[PDB]
file my_file_36.cif (mmCIF, N, CA and C atoms)
data_entry
#
loop_
_atom_site.label_atom_id
_atom_site.label_comp_id
_atom_site.auth_asym_id
_atom_site.auth_seq_id
_atom_site.Cartn_x
_atom_site.Cartn_y
_atom_site.Cartn_z
N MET A 1 107.19 219.68 103.22
CA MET A 1 106.78 220.79 104.08
C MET A 1 105.78 220.32 105.14
N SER A 2 105.92 220.87 106.34
CA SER A 2 105.04 220.50 107.45
C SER A 2 104.41 221.74 108.08
N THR A 3 103.16 221.62 108.50
CA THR A 3 102.45 222.73 109.12
C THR A 3 102.57 222.69 110.64
N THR A 4 102.82 221.50 111.17
CA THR A 4 102.96 221.32 112.61
C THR A 4 103.99 222.29 113.19
N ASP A 5 104.97 222.66 112.36
CA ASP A 5 106.01 223.58 112.79
C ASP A 5 105.41 224.88 113.31
N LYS A 6 104.32 225.32 112.69
CA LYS A 6 103.65 226.55 113.09
C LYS A 6 103.02 226.40 114.47
N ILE A 7 102.78 225.16 114.87
CA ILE A 7 102.19 224.88 116.17
C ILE A 7 103.17 225.16 117.30
N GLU A 8 104.44 224.84 117.06
CA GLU A 8 105.48 225.06 118.06
C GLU A 8 105.65 226.55 118.35
N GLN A 9 105.35 227.38 117.36
CA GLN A 9 105.46 228.83 117.51
C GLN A 9 104.11 229.45 117.84
N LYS A 10 103.04 228.73 117.54
CA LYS A 10 101.69 229.21 117.81
C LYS A 10 101.24 228.82 119.22
N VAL A 11 101.92 227.84 119.80
CA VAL A 11 101.60 227.37 121.14
C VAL A 11 101.52 228.54 122.12
N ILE A 12 102.40 229.51 121.94
CA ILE A 12 102.43 230.68 122.81
C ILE A 12 101.05 231.33 122.91
N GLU A 13 100.36 231.40 121.78
CA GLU A 13 99.02 231.99 121.75
C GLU A 13 98.00 231.06 122.38
N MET A 14 98.29 229.76 122.35
CA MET A 14 97.39 228.77 122.93
C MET A 14 97.42 228.82 124.45
N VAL A 15 98.59 228.55 125.03
CA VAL A 15 98.75 228.57 126.47
C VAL A 15 98.35 229.92 127.05
N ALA A 16 98.42 230.96 126.23
CA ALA A 16 98.06 232.30 126.66
C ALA A 16 96.54 232.47 126.73
N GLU A 17 95.82 231.64 125.98
CA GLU A 17 94.36 231.69 125.97
C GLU A 17 93.77 230.57 126.81
N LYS A 18 94.56 229.54 127.06
CA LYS A 18 94.11 228.40 127.85
C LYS A 18 93.96 228.79 129.32
N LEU A 19 95.02 229.35 129.89
CA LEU A 19 95.00 229.77 131.29
C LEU A 19 95.13 231.29 131.40
N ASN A 20 94.81 231.99 130.32
CA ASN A 20 94.89 233.45 130.30
C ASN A 20 96.26 233.92 130.76
N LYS A 21 97.31 233.31 130.21
CA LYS A 21 98.68 233.68 130.56
C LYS A 21 99.23 234.72 129.59
N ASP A 22 99.62 235.87 130.12
CA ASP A 22 100.17 236.94 129.30
C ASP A 22 101.34 236.44 128.47
N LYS A 23 101.51 237.02 127.29
CA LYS A 23 102.60 236.64 126.39
C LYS A 23 103.95 236.83 127.06
N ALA A 24 104.00 237.73 128.04
CA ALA A 24 105.24 238.00 128.76
C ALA A 24 105.47 236.98 129.86
N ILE A 25 104.54 236.03 129.98
CA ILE A 25 104.65 234.99 131.00
C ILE A 25 104.77 233.61 130.36
N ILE A 26 104.32 233.49 129.12
CA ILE A 26 104.38 232.23 128.39
C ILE A 26 105.79 231.64 128.45
N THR A 27 105.94 230.57 129.23
CA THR A 27 107.23 229.91 129.37
C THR A 27 107.11 228.41 129.13
N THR A 28 108.23 227.77 128.80
CA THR A 28 108.24 226.34 128.54
C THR A 28 107.82 225.55 129.78
N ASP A 29 108.27 226.01 130.95
CA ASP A 29 107.94 225.35 132.20
C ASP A 29 106.84 226.11 132.94
N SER A 30 106.01 226.82 132.19
CA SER A 30 104.93 227.60 132.77
C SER A 30 104.08 226.74 133.70
N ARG A 31 104.25 226.93 135.00
CA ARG A 31 103.51 226.17 136.00
C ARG A 31 102.29 226.95 136.48
N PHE A 32 101.52 227.48 135.53
CA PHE A 32 100.32 228.25 135.86
C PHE A 32 99.43 227.48 136.83
N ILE A 33 99.45 226.16 136.72
CA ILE A 33 98.65 225.31 137.59
C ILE A 33 98.94 225.59 139.06
N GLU A 34 100.22 225.75 139.38
CA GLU A 34 100.64 226.03 140.75
C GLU A 34 100.70 227.53 141.01
N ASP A 35 101.50 228.23 140.21
CA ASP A 35 101.65 229.67 140.35
C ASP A 35 100.29 230.36 140.35
N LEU A 36 99.52 230.12 139.30
CA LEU A 36 98.19 230.72 139.17
C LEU A 36 97.16 229.94 139.96
N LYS A 37 97.58 228.81 140.52
CA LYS A 37 96.69 227.96 141.31
C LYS A 37 95.41 227.66 140.55
N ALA A 38 95.56 227.09 139.36
CA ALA A 38 94.41 226.75 138.53
C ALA A 38 93.52 225.72 139.21
N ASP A 39 92.35 226.15 139.66
CA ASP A 39 91.41 225.26 140.34
C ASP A 39 90.94 224.15 139.40
N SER A 40 90.14 223.23 139.93
CA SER A 40 89.62 222.12 139.14
C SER A 40 88.42 222.56 138.32
N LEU A 41 87.45 223.18 138.98
CA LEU A 41 86.24 223.65 138.31
C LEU A 41 86.58 224.64 137.20
N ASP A 42 87.71 225.33 137.35
CA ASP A 42 88.15 226.31 136.36
C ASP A 42 88.82 225.61 135.18
N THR A 43 89.71 224.67 135.48
CA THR A 43 90.43 223.93 134.45
C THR A 43 89.46 223.22 133.51
N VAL A 44 88.25 222.97 134.00
CA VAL A 44 87.23 222.29 133.21
C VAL A 44 87.02 223.00 131.87
N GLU A 45 86.75 224.30 131.92
CA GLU A 45 86.54 225.08 130.71
C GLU A 45 87.86 225.54 130.11
N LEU A 46 88.76 226.00 130.97
CA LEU A 46 90.07 226.47 130.53
C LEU A 46 90.76 225.42 129.66
N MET A 47 90.83 224.19 130.17
CA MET A 47 91.46 223.10 129.44
C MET A 47 90.59 222.65 128.27
N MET A 48 89.28 222.88 128.39
CA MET A 48 88.34 222.50 127.34
C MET A 48 88.57 223.33 126.08
N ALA A 49 88.94 224.60 126.27
CA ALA A 49 89.19 225.49 125.15
C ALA A 49 90.29 224.95 124.24
N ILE A 50 91.12 224.07 124.80
CA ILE A 50 92.21 223.48 124.04
C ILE A 50 91.70 222.43 123.06
N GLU A 51 90.52 221.88 123.36
CA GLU A 51 89.92 220.86 122.50
C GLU A 51 89.16 221.50 121.34
N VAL A 52 88.44 222.58 121.64
CA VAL A 52 87.67 223.28 120.62
C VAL A 52 88.58 224.14 119.74
N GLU A 53 89.77 224.44 120.25
CA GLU A 53 90.73 225.25 119.51
C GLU A 53 91.55 224.39 118.56
N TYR A 54 92.19 223.36 119.10
CA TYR A 54 93.01 222.46 118.31
C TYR A 54 92.15 221.46 117.55
N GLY A 55 90.96 221.20 118.07
CA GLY A 55 90.05 220.26 117.43
C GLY A 55 90.37 218.82 117.78
N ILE A 56 91.07 218.62 118.88
CA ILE A 56 91.44 217.28 119.32
C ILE A 56 90.84 216.97 120.69
N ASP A 57 91.17 215.79 121.22
CA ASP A 57 90.67 215.37 122.52
C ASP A 57 91.82 215.10 123.49
N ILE A 58 91.62 215.45 124.75
CA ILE A 58 92.64 215.25 125.77
C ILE A 58 92.02 214.86 127.11
N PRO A 59 91.94 213.55 127.37
CA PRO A 59 91.37 213.02 128.61
C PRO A 59 92.25 213.31 129.82
N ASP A 60 91.67 213.17 131.01
CA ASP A 60 92.40 213.42 132.25
C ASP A 60 93.71 212.65 132.27
N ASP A 61 93.70 211.46 131.68
CA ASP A 61 94.89 210.62 131.63
C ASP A 61 96.03 211.33 130.91
N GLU A 62 95.69 212.10 129.88
CA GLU A 62 96.69 212.83 129.11
C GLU A 62 96.64 214.32 129.44
N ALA A 63 95.92 214.66 130.50
CA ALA A 63 95.79 216.05 130.92
C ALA A 63 97.15 216.66 131.23
N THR A 64 98.07 215.82 131.71
CA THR A 64 99.41 216.28 132.05
C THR A 64 100.40 215.97 130.93
N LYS A 65 99.87 215.69 129.74
CA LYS A 65 100.70 215.38 128.58
C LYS A 65 100.68 216.52 127.57
N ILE A 66 99.95 217.58 127.90
CA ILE A 66 99.84 218.74 127.02
C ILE A 66 99.78 220.04 127.83
N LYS A 67 100.12 219.95 129.11
CA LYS A 67 100.10 221.11 129.99
C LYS A 67 101.29 222.03 129.69
N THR A 68 102.47 221.44 129.55
CA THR A 68 103.67 222.21 129.26
C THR A 68 103.80 222.51 127.77
N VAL A 69 104.61 223.50 127.44
CA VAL A 69 104.81 223.89 126.05
C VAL A 69 105.51 222.78 125.26
N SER A 70 106.35 222.02 125.95
CA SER A 70 107.08 220.92 125.32
C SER A 70 106.22 219.67 125.24
N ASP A 71 105.28 219.54 126.17
CA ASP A 71 104.39 218.39 126.21
C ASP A 71 103.21 218.58 125.26
N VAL A 72 102.72 219.82 125.18
CA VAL A 72 101.59 220.14 124.31
C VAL A 72 101.96 219.95 122.84
N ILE A 73 103.19 220.32 122.50
CA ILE A 73 103.67 220.20 121.13
C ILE A 73 104.16 218.78 120.85
N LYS A 74 104.57 218.08 121.90
CA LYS A 74 105.06 216.72 121.77
C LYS A 74 103.90 215.73 121.69
N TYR A 75 102.84 216.01 122.43
CA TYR A 75 101.66 215.14 122.44
C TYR A 75 100.76 215.43 121.25
N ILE A 76 100.24 216.65 121.19
CA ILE A 76 99.36 217.06 120.10
C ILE A 76 99.95 216.68 118.75
N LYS A 77 101.28 216.70 118.66
CA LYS A 77 101.97 216.36 117.43
C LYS A 77 101.61 214.95 116.97
N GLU A 78 101.90 213.97 117.81
CA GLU A 78 101.60 212.57 117.50
C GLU A 78 100.09 212.32 117.51
N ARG A 79 99.37 213.16 118.24
CA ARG A 79 97.92 213.03 118.34
C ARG A 79 97.24 213.47 117.05
N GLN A 80 97.85 214.45 116.38
CA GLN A 80 97.30 214.97 115.13
C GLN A 80 97.31 213.90 114.05
N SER A 81 96.13 213.37 113.74
CA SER A 81 96.00 212.33 112.72
C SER A 81 96.13 212.92 111.32
#
call {"tool": "encode", "arguments": {"input": "my_file_36.cif", "output": "structure tokens"}}
result
Amino acid sequence: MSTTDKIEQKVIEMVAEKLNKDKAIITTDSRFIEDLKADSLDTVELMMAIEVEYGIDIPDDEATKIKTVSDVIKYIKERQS
């Protein structure tokens, strides 16, 4: 049995709290960065909430490795020690 599976279905609640994206907007290719025009000073805390929530770390280098629903579950997965 694996718990990570719950992450693939829980991600919706994550991305919804990360960039304040409504559940009716949560999409795999959610480009909130462009559509919502997520500024830099804003992404600082917005993206930070992903570290205090998941309890992991995500440097600028991997900032684009957990932005998408498929990348967040694909990265955080292998990242989860």
call {"tool": "atom_distance", "arguments": {"input": "my_file_36.cif", "atom1": "CA of residue 31 (chain A)", "atom2": "CA of residue 2 (chain A)"}}
result
29.1 Å
call {"tool": "resolve_selection", "arguments": {"input": "my_file_36.cif", "expression": "the PyMOL selection byres (((chain A and resi 21 and name CA) around 12) and name CA)", "output": "ChimeraX atom specification"}}
result
/A:11-20,22-27,30-33,35-36,38,46
call {"tool": "residues_around", "arguments": {"input": "my_file_36.cif", "residues": "residue 65 (chain A)", "least_positions_apart": "5", "cutoff": "12 Å", "atoms": "only C-alpha atoms", "output": "ChimeraX atom specification"}}
result
/A:57-60,70-79
call {"tool": "atom_distance", "arguments": {"input": "my_file_36.cif", "atom1": "CA of residue 41 (chain A)", "atom2": "CA of residue 68 (chain A)"}}
result
19.7 Å
call {"tool": "atom_distance", "arguments": {"input": "my_file_36.cif", "atom1": "atom N of residue 43 (chain A)", "atom2": "atom C of residue 56 (chain A)"}}
result
16.7 Å
call {"tool": "select_by_dssp", "arguments": {"input": "my_file_36.cif", "residues": "chain A", "states": "helix (DSSP H, G or I)", "output": "MDAnalysis selection string"}}
result
chainID A and resid 4:18 32:35 40:54 60:65 69:79
call {"tool": "decode", "arguments": {"input": "my_file_36.cif", "residues": "region 24-57 of chain A", "atoms": "C-alpha atoms", "output": "compact mmCIF listing (two decimals), in the first residue's frame"}}
result
# COMPACT_ATOMS: atom_id res chain seq x y z
CA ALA A 24 -13.26 24.82 -10.78
CA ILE A 25 -10.00 26.06 -12.32
CA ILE A 26 -7.58 23.42 -11.04
CA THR A 27 -6.23 21.93 -14.26
CA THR A 28 -3.28 19.73 -15.22
CA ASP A 29 -1.89 22.47 -17.46
CA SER A 30 -2.97 25.24 -15.08
CA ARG A 31 -0.85 28.15 -16.28
CA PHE A 32 -1.78 30.42 -13.37
CA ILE A 33 1.70 31.90 -13.76
CA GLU A 34 0.69 33.43 -17.09
CA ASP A 35 -3.11 33.56 -16.89
CA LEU A 36 -3.09 34.88 -13.33
CA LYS A 37 0.20 36.63 -14.06
CA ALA A 38 1.81 35.42 -10.84
CA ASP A 39 4.36 38.11 -9.98
CA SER A 40 7.78 37.32 -8.50
CA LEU A 41 7.35 39.01 -5.11
CA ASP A 42 4.04 37.15 -4.83
CA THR A 43 5.35 33.72 -5.84
CA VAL A 44 7.80 34.10 -2.96
CA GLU A 45 5.16 33.33 -0.34
CA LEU A 46 2.69 31.57 -2.64
CA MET A 47 5.30 29.01 -3.67
CA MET A 48 6.67 28.97 -0.12
CA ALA A 49 3.36 27.62 1.19
CA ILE A 50 4.17 24.49 -0.82
CA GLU A 51 7.22 23.87 1.36
CA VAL A 52 5.48 24.35 4.71
CA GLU A 53 2.53 22.30 3.47
CA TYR A 54 4.30 19.30 1.94
CA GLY A 55 7.24 19.68 4.29
CA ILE A 56 9.78 19.55 1.48
CA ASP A 57 12.14 21.94 -0.30
